[PDB]
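The structure appears right after this line, and notes come after that.
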There are 2 protein chains.
Amino acid sequence: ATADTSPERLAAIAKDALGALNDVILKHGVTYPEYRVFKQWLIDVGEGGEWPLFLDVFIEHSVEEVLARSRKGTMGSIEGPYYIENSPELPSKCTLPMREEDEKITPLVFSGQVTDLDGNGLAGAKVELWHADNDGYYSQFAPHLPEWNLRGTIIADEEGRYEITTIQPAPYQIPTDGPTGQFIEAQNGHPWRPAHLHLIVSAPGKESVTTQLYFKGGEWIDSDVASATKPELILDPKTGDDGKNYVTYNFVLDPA
Amino acid sequence: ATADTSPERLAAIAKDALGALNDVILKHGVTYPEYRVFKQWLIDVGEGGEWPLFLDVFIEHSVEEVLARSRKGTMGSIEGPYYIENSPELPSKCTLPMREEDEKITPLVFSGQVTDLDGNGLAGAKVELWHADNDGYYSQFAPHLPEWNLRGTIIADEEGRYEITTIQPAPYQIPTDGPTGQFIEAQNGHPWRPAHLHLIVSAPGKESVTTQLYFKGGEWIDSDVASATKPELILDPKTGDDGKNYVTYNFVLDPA
Ligand SMILES: [Cl-]
Ligand SMILES: [Cl-]
Ligand SMILES: [Cl-]
Ligand SMILES: [Cl-]
Ligand SMILES: [Cl-]
Ligand SMILES: [Cl-]
Ligand SMILES: [Fe+3]
Ligand SMILES: [Fe+3]
Ligand SMILES: [Mg+2]
Ligand SMILES: [Mg+2]
């Protein structure tokens with residue numbers, strides 16, 4: 001990981017970041033016992049391998065909010081910690097890899113088109129999709145799961161269209177066995193995200209968009225622990241007589 | 001490490017701490033590349049075992065500033081990361097353990113009395129002292145050094161008086177081989193503390209004081225990387241015809 005940040009820029013960021021934390025300590029009268037706890041908790045986060053989790057839950061949303069200023073296309077959201085590159089490519093109309101267990105869940109049929117800002121459909125567009133199963137697990141983050149379970153890179157058609165069947169996502173509880181759970185527990189917080197799809201949508205000569213999609217009336221939409229839900233990203237799927245949920249959502253890309 | 005902090009209190013601290021960092025990201029337009037760097041750097045701090053160093057250098061001073069509000073006695077300062085409990089007890093007039101190498105350095109003869117707020121001398125008072133050698137090393141934090149080099153707990157006399165000989169401390173460069181050094185390097189900062197003694201001064205029925213003492217006209221006093229120097233804690237030792245530096249400093253304790 002590299003960035004082009006100048007010494008001057010880092011100096012300024014570091015000054016107000018530290019200034020800000022030091023201001024919080026002064027405001028609340030943080031005590032030595034509390035300082036000692038905080039020190040050990042930071043150590044524990046690293047030893048538990050939880051930096052990606054903690055940062056993606058409590059910090060990334062502000063980083064996307066910065067990126068969001070520069071963008072006219074479909075709203076972005078956090079990547080979160082569970083993305084895997086090079087998920088196997090699938091045809092424009094497809095179902096994601098899943099287990100026999102997953103086949104017991106109500107299907108979600110997700111259709112739409114990738115377009116530019118004027119509404120023109122894009123060819124060569126890809127839709128990388130990943131999400132949790134009904135048990136609350138991500139493939140590659142649960143040793144029982146086939147490595148691409150509920151993961152794929154969908155090659156859109158010459159018009160930019162896709163029709164992707166998956167399972168209906170359910171709410172996701174973040175790992176609570178470690179320091180991040182402990183941080184949440186200690187303040188009577190809620191360790192839950194709403195049900196969500198993760199997507200990265202790309203196309204030749206376009207700025208990719210990393211986003212998420214949520215479900216109308218879903219649990220936790222108004223109290224997402226990661227602060228990553230946006231009203232523009234809430235889907236309202238319709239149930240057909242086959243008992244499957246159907247929704248269309250188009251992606252709009254900014255130029256690269 | 002435990003603290004008595006309520007869920008309500010942690011909730012509030014966490015809210016403005018995170019709010020504050022998120023505000024800094026928004027102010028400066030922190031980018032995804034920069035976020036990725038920050039994530040890896042946090043990981044590196046833990047893997048390098050540098051949480052105590054980083055926090056004591058960049059954060060502890062605000063924690064002492066909180067404690068300072070409650071105190072009328074001699075000014076405190078940060079403990080920093082190098083304190084060791086149960087250093088061997090020494091008589092009221094003593095020299096700290098040192099090596100033949102240390103005996104090559106100009107002596108510092110440090111005298112005074114431990115008193116209450118009215119100026120009354122205290123019996124049963126102890127002065128725990130530790131500091132770096134002229135090479136920039138702390139005992140127990142450098143495998144070549146005898147474990148109590150430049151460390152001792154001085155038992156003051158029935159009047160609270162002490163006369164402690166040590167070596168004249170020299171400026172201290174913080175470890176720069178790791179992520180903390182890298183943080184400093186990346187912003188064209190200075191990885192230096194002024195020359196300093198560390199002391200913890202205690203007595204029956206008194207609140208102990210953890211403090212530091214610095215040296216008039218010393219390098220880095222105005223630009224201490226740890227932000228821990230205070231004008232009240234600057235010593236002005238006088239050189240005698242024996243070529244030794246002499247200084248008196250009295251400690252004043254608040255009641256427990
Ligand atoms: Cl700073
Ligand atoms: Cl591609
Ligand atoms: Cl409805
Ligand atoms: Cl919060
Ligand atoms: Cl004692
Ligand atoms: Cl002078
Ligand atoms: Fe997720
Ligand atoms: Fe020191
Ligand atoms: Mg237009
Ligand atoms: Mg008085």
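Every chain in the structure tokens has a letter given in the order shown (A, B, ...), and although residue numbers restart at 1 in each chain, ligands are simply numbered from 1 in the order shown.
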- Near-ligand residues for ligand 4, threshold 8 Å, only C-alpha atoms and all ligand atoms, as a VMD selection string: (chain A and resid 58) or (chain B and resid 11 to 12 14 to 16 18 to 19)
Go ahead and save the picked residues with C-alpha atoms, as a compact mmCIF listing (two decimals), in the first residue's frame.
# COMPACT_ATOMS: atom_id res chain seq x y z
CA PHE A 58 -15.92 2.60 12.04
CA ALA B 11 -20.49 5.57 24.13
CA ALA B 12 -19.87 9.31 24.42
CA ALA B 14 -16.27 6.71 21.26
CA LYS B 15 -18.76 8.97 19.47
CA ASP B 16 -16.61 12.09 19.59
CA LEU B 18 -14.64 8.56 15.88
CA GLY B 19 -16.59 11.70 14.93
- Message: So that I can check the surroundings of stretch 90-96 of chain B, please list as a PyMOL selection string every protein, DNA and RNA residue that reaches within 8 Å of it, counting only C-alpha atoms and ignoring chain neighbours fewer than 5 positions away.
- Response: chain B and resi 149-157+161-166
- Query: What do you get as a ChimeraX atom specification if you pick all residues at most 9 Å from ligand 2, counting only C-alpha atoms and all ligand atoms?
  - Reply: /A:124-126,202-204
- Message: Can you pull out every residue with an atom within 9 Å of ligand 3? Use only C-alpha atoms and all ligand atoms and format it as a PyMOL selection string.
- Response: chain A and resi 216-217+236-238
- Task: Counting only C-alpha atoms, figure out which residue out of A:119, A:107, A:49, A:136 gets nearest to residue A:73.
- Result: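 The shortest atom-to-atom distance to residue A:73 comes from A:119.
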